[PDB]
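Q: Sequence unavailable; structure follows:
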RNA sequence: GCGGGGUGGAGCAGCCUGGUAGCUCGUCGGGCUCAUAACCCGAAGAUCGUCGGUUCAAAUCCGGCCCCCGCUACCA
RNA sequence: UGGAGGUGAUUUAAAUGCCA
RNA sequence: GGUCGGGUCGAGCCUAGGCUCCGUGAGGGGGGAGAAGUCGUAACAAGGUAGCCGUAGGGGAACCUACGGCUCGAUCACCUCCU
RNA sequence: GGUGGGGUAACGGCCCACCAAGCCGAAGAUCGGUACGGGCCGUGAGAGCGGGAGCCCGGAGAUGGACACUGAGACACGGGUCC
Ligand SMILES: [Mg+2]
Ligand SMILES: [Mg+2]
Ligand SMILES: [Mg+2]
Ligand SMILES: [Mg+2]
Ligand SMILES: [Mg+2]
Ligand SMILES: [Mg+2]
Ligand SMILES: [Mg+2]
Ligand SMILES: [Mg+2]
């Protein structure tokens, strides 16, 4: 419980049933598990990346403050989520921000805390040995850049392209920033195979 | 674009307006496209 | 719990309202242009899964059987 | 003698062509 | 001549420092030339909707619409200006 | 650039201590790129254009880089040291 409590989300939904009156209205539920730290109902927090907005003519996001409306694992009553299991955290936000798995792989930490966001990300990557998950296993090629590859950041994900392809690391340009609580967090690279994006290396994010 | 008006004559080529517009879609690119 | 079509090479039209598989892409061939494609028209073409019932009489109304099987008990 | 300017009008469906 | 001190000019070496001198080298986007491959008809006449320039938006491709300008645009009706 | 000084055969920021803000620059500063210069040769109607190995008067190197001895004469091609 030393680094910043981060819940690396996997699900996010809206409790409000179709036809719910404006009196028992709820925020959204956002659901992960507490690996570093512990989260609590009514706590100040910021979610990342969350919301994207047009600020000065380019593309960028907004880390979003709130507090928790309740915490639960299903159907029992508790109030402060400790480590262990996908915990569900219902918040004070808008629900339309959360439905349809918009922020799949969200991250939650404190609205007074530190997790960075970078359009250009440097990642030390290790090549995979063969085409694992497929019928057919062909050689792993040393490539040049400009190819478009899928980079999944822990529970986050993005596309990426590059201009300097160093031997061991990669300087990838994106369209959406990262959720990187500290060093060498596990973001994985997959290359298209026949519409199936399979592994071509495991990388760790240096910042 | 520092016009050179020998090209509009449309003789053995294509219109000029609709070539300018397409060169923009590549200069805007090699400027944006990892030309950073 | 069920429940649906049970249709030509292909869209299946058409089913209580009952006699002409009903047009449409496609296959043969005939017309127009110089010649092609578009365009025009004859021909092929299944005959309603199938055993039946009801029905003077049928996919037309009702059932045996079976083809394929399409919806059966999620919001922190 | 020939223009030199202006206002209006100005019509279904009609694709393409080896060889010296 | 020698040896100790002090001072003096000075190559090389050596850390670290970006610059320029490169054998290469990893995906690339175009580019020039082959016009019995494939897709369509925008350009030339009033080219079957007139064309062509500046900005903007869209589009499997040549291309299409939106306001402001010129004849390097053809006829009928009608004027008006001069010779 | 100035005052005042040591130094070489000799004047000189050539070097030294003091004193102040001067110097050049789009009539092309600086930095990059190429070349040994001058008598002259090649061509051309002439106006030019292009070349300046071979002969003579200049200027510089002695495997790269540094430094001294001797003599009028230089840091010495067939003399001397160090890297
Ligand atoms: Mg001209
Ligand atoms: Mg024909
Ligand atoms: Mg028409
Ligand atoms: Mg045309
Ligand atoms: Mg036209
Ligand atoms: Mg004008
Ligand atoms: Mg003096
Ligand atoms: Mg120079």
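A: Sure thing, it's come through. Numbering: from 1, shown residues only, chains lettered A, B, ... in the order given. Ligands and ions are numbered 1, 2, ... in the order given.
Q: What are the buried residues along stretch A:61-77?
A: A:63, A:64, A:65, A:66, A:67, A:68, A:69, A:70, A:71, A:72 (16 or more other CB atoms under 10 Å in any protein chain shown). Bear in mind the C-beta positions are built from the backbone N, C-alpha and C, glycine included.
Q: so which of these are also by RNA strand E?
A: Among these, not one lies near RNA strand E by CB under 7 Å from any atom of the strand.
Q: Any chance of CSV for the residues you listed, columns distance to chain B?
A: Below are these laid out as CSV (distance: CB to the nearest CB, whole Å):
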residue, distance to chain B
A:63, 24
A:64, 28
A:65, 32
A:66, 35
A:67, 39
A:68, 40
A:69, 42
A:70, 45
A:71, 43
A:72, 46
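Q: Rebuild the residues you listed as a markdown table, extending it with secondary structure.
A: Shown next, in a markdown table, are those (DSSP: H, G, I helix; E, B strand; the rest coil):
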| residue | secondary structure |
| --- | --- |
| A:63 | strand |
| A:64 | strand |
| A:65 | strand |
| A:66 | strand |
| A:67 | coil |
| A:68 | strand |
| A:69 | strand |
| A:70 | strand |
| A:71 | strand |
| A:72 | strand |
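Q: Is it possible to get JSON lines of those residues that adds distance to residue A:83?
A: Listed next are these as JSON lines, based on distance: CB to CB, whole Å:
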{"residue": "A:63", "distance to residue A:83": "23"}
{"residue": "A:64", "distance to residue A:83": "24"}
{"residue": "A:65", "distance to residue A:83": "24"}
{"residue": "A:66", "distance to residue A:83": "21"}
{"residue": "A:67", "distance to residue A:83": "20"}
{"residue": "A:68", "distance to residue A:83": "16"}
{"residue": "A:69", "distance to residue A:83": "21"}
{"residue": "A:70", "distance to residue A:83": "19"}
{"residue": "A:71", "distance to residue A:83": "13"}
{"residue": "A:72", "distance to residue A:83": "16"}
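Q: from those, which single one is nearest residue B:16?
A: Nearest to residue B:16, judged by CB to CB, of the buried residues of stretch A:61-77 is residue A:63 at 48.2 Å.
Q: what separates that closest one from RNA strand C, distance-wise?
A: 21 Å (CB to the nearest atom of the strand, to the nearest Å).
Q: Where does chain A get nearest to RNA strand C, residue-wise?
A: Nearest to RNA strand C, among the residues of chain A, is residue A:90, at 2.0 Å (CB to the nearest atom of the strand).
Q: I'd assumed residue A:25 was in contact with that residue.
A: No. Applying CB atoms under 8 Å, one finds residue A:90 not in contact with residue A:25, separated by 11.8 Å.
Q: quick one, which of these two is more surrounded?
A: Neighbours were counted for residue A:90 and for residue A:25 using other CB atoms under 10 Å in any protein chain shown; residue A:90 has more, 21 against 10.
Q: residues in contact with the nearest residue to that one once chain neighbours are set aside?
A: Distances taken as CB to CB, 6 or more residues apart in numbering or on different chains put residue A:69 closest to residue A:90, at 4.2 Å, once the chain neighbours are dropped. Going by CB atoms under 8 Å, 6 or more residues apart in numbering or on different chains, residue A:69 touches A:26, A:27, A:41, A:90, A:91, A:92.
Q: Thanks again, I'm all set now.
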